[PDB]
Structures are given as C-alpha cells and as structure tokens.
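Below is one structure, written out as structure tokens, with a few remarks after it.
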2 protein chains.
Amino acid sequence: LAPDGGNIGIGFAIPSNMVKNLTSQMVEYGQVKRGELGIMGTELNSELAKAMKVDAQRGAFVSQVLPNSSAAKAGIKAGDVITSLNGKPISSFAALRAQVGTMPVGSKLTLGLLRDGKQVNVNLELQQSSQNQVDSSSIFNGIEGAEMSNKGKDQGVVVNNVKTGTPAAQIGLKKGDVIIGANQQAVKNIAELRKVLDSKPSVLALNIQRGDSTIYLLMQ
Amino acid sequence: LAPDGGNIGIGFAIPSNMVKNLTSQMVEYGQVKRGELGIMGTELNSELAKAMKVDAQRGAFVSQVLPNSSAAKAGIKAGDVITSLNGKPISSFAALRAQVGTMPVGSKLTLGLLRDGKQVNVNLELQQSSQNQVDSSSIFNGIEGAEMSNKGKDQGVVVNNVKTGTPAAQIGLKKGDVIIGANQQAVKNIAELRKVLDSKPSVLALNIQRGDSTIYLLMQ
C-alpha cells in the first residue's frame, strides 16, 4: 500500500500454502482448475451477528446455497455461518474465498458451521464451475480473438469464443472448433501447442475440426 | 500486362484445350454447366511443404474436402496434395481450378495424390454446384430484373431472382415463375427464347406459370 508509490512500511504477500496449491496445479496442467462449492455470502460483522442472533463477530455468512452444488448436497442452509476450515479458524469471508478458489476441483475438506447457535461439522468436495483463463493472446502472442483452453482428456485445445474484428478468426477461425494437430504433430493440450509455437513455424498449419469434419487453418 | 495500355512484350492467352471444352459445351446448351469436386485449398509453396513434411514445392493443397461431394465420396482427406491430373503434372492450384471449372459436370478424370509422402491414384466425376450466369439483361437487352436459366430438361426458362426496382418485375414478373410459351411458340430453353426475341415482337406475350396456375405477362 502506498500513495506516491513508496514503502510506508506496509507490504503484502501471498501465504505459502496458497501458492503451493496454485503451483503444483499448473505444474501438471499448465492452468488452474477452479473448484467451487456453489454458495453466496458476505462478511459477518458484529451488527449482523446481532440481527441473526448468533455468537461470532467474525466469519463467513451463508447467503444462499446453490442447488446441485457441493454445498447443496453437503446439506448447508442459507443463514448458516462457517467458523473453521479443516480445523483452521476463519477470520472472514474474503479469506475463505481465496482459500478455496486456491484449491483444485475434487479437493476434500472439512468445515465447522454454526446454524442456530449450534455447531456443525460437515465434509465436502470442490466441483466444477464456469471460469475463464488462457487467451488466444497468452499463447499466440499477438493473435487476438477467441479464448482457448484444454478439452476432455488430452483431446486437444478448444476455441472458447471468437470475437468479431479479431485476427485469429480472420484466419478462418470460428468458435467450437477443436485443434487436434499441427505440422504433423499431434496436440493433446496447450502444452504440446505452445511447444510447437516455440519452434516458431514461419507458416502455421492447424489441423482442427468443425462439427464432424476435418480441416486446416493457416498463418505466418 | 501493361501500365499505360501498351505491349511490353508480355501477352496472355487461354490454352486451346480449355477453350474446346467451354466451347462444345455452349455449342449444345447455350451456357456452361459447371462441375465441382467440392473442395477448398491453396497454393502449396515451399514453406508449406516444410510445415507439412512432404516432398513437393508446387501443387494443390487439400484444405478441407466437402461432405457428399465427389471428393468426399472419392475418398480424399484434408491435408492431401494433388500432383497430377489425367497424367498431367500440376503446376499449381490456380491452374487446377481453371482446368476443371472448364470441364462439364459428370466429366470423368483421374488424379495423383500424395498423402503422408505416399502417392495415390483416384478416379472421380464432377457434380453439380450453385453457380450464376445468363441474366435478364443478356437476353432481354434492357429489361433488367431477375436472373434466368434453363430448367429440368427442355422444360422452359426459370426466373432465378427478381430484384426490387427492376423493370422486368414491373411487368408482372416474380421469381419462381416458369415461362413455358410465348406468341403461340413453345419454349424449352433459352435458345428457343432469344430466338423469338430475334423476331422482335413489338408486343411480347409470355406464357408462364406461378405455382399450379397458368398466366401471361406482356411487354412492348
């Protein structure tokens, strides 16, 4: 923190543990697989604890669970408060968020609630979601256009969404396509891709597939 | 070729063979029946042959075959290259195009491929398409409006597409119609038509048919 970029004696850093997770993740996927419980909430301050008659001036307040979400299934009600995660007391919602957004889908964990002044322990598991990452710029270096990410297993890279006046598409690119190969080199994931990109082909041979067809796209 | 229209010593001419085809065609139909294989592609230069690991600095590269097209049926894959046509080596795609666009639907022919460094010979036949020719101007001389072409056998002339502020339609003309006769003279094809037009009727009696009906249109 600093007005006039200069150290006032207040610095911030991301806890190791958090990083470890985000780390060993990419280590094996070149990206982040965000797990969610499927809930909404907000910081439990003192005033709130009043209104909702509980003993806890800090914590995460459960606005509204989602249906068919880990939380749903787990059995959590709107109007509950979480006090701990894997034994670790919870300062506030903000943390809780960062804490779990940190973790990879399917990650198991245990929680301490407190609905109606009564403590609760429940288990759970992160599920899927609907996030965003890795663009046609973070890999093409210049070729704006559709977003891009992996697909199924090592089944190649899927074009998320081509814009309008975007150069990628001005190469014959269209959403839904599914790059399977390039330059006689199979592609199973963004890794094998940026890897071919590293060889820096002057001419770029895409082996994609719209619908049930098989085609190629080009570049320079 | 010439800046400031003047011969620099560079002239161009259309090969006999090509012309012969286009010729004997009209000779018997007053028009061109364009056959297509149903494929997309682009000039195979050296760079490409690199990227796609083949031996051939010139040729036609098979971008993406079409489904239910001669090529499809024939059994050709996107990423193949053609080296010859009816034994005739192929300089480049451009030629290949002109070469076949030249030929009439159903024309049989034999090709030499080279997928994965391995030579291929395949047979084929041009099919239909979706082209454009002969206008309501190329026959009416002045009467703009819908495009026009033959229909089925000698079953008369079909109005392709009437515009908006076009005089032909401002005669009662509408797309889909099917001129069958005129001036007590049957019409089976554009020939029999421009033939009546040659007699230059002061007044023009069209015997067309919208839907299941029978009507007449007029002119001066």
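Any read-out appearing in this document is the output of simple, stated calculations on the displayed coordinates, not a laboratory observation. A quick note on method: Cβ atoms are made from the backbone with ideal geometry, for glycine too, and the neighbour counts reach across all protein chains shown.
See the values below:
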item: In order through segment A:57-72: 3J(HN,Hα) via Karplus (6.51 cos²θ - 1.76 cosθ + 1.60), integer Hz, x for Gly, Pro; result: 8, 10, x, 9, 9, 7, 3, 7, 4, 9, x, 6, 9, 2, 4, 2
item: Enclosed volume per residue, in Å³, of the convex hull spanned by Cα atoms of the protein assembly as shown; result: 323
item: Orientation-averaged projected area, Cα convex hull of chain A (nm²); result: 17.2
item: Rotational relation B to A, axis-closest Cβ in chain B, residue and distance rounded to whole Å; result: B:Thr164, 21
item: Segment B:204-218 - phi-based ³J(HN,Hα) in whole Hz, Karplus 6.51/-1.76/1.60, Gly and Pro as x; result: 10, 9, 8, 10, 9, 6, 7, x, 8, 9, 9, 9, 9, 10, 10
item: A:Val105, B:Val81, B:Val19 arranged by Cβ crowding within 10 Å, fewest neighbours leading; result: B:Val19, A:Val105, B:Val81
item: Between 0 and 90°, nearest 10: helix B:16-26 axis offset from chain B longest Cα axis; result: 30
item: Calculated [θ] (222 nm, deg cm²/dmol) that DSSP helices of n ≥ 4 give over the protein assembly as shown, each run adding -39,500 (n - 2.57); result: -5000 deg cm²/dmol
item: Residue mean of other protein chain beta carbons inside 10 Å, A:201-208; result: 4
item: Angle between chain A longest axis and helix A:190-199 axis [Cα atoms, degrees, rounded to 10]; result: 40
item: Flagged links, alpha-carbon separation over 23 Å, of B:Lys20/B:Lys195; B:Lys33/B:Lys188; B:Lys88/B:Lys108; B:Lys33/B:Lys153; result: B:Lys20/B:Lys195
item: Distance in nm between pseudo-label sites at B:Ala98 and A:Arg115 (7 Å out along the Cβ direction from Cα); result: 7.9
item: In degrees, nearest ten, helix B:93-102 long axis to first principal axis of chain B (Cα); result: 40
item: A:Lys50 paired with A:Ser24, simple spin-label distance in nm, labels 7 Å along Cα-to-beta-carbon; result: 4.5
item: Other-chain or far-sequence residues with amide H under 5 Å of A:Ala182's (modelled H); result: A:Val187, A:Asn207
item: Long-range amide H partners of B:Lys151 with built H, under 5 Å; result: B:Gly156, B:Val158
item: Whole-Hz ³J(HN,Hα) from phi, Karplus 6.51 cos²θ - 1.76 cosθ + 1.60, for segment B:163-175, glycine and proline x; result: 6, 10, x, 10, x, 3, 5, 6, 9, x, 6, 8, 3
item: Spacing of the two label points (7 Å from each Cα toward its C-beta) at A:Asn132 and B:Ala205, in nm; result: 7.1
item: For A:212-220, mean number of other protein chain Cβ atoms within 10 Å; result: 4
item: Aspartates and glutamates with Cα under 18 Å of B:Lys163, excluding same-chain neighbours fewer than 8 positions away; result: B:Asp135, B:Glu144, B:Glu147, B:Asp177
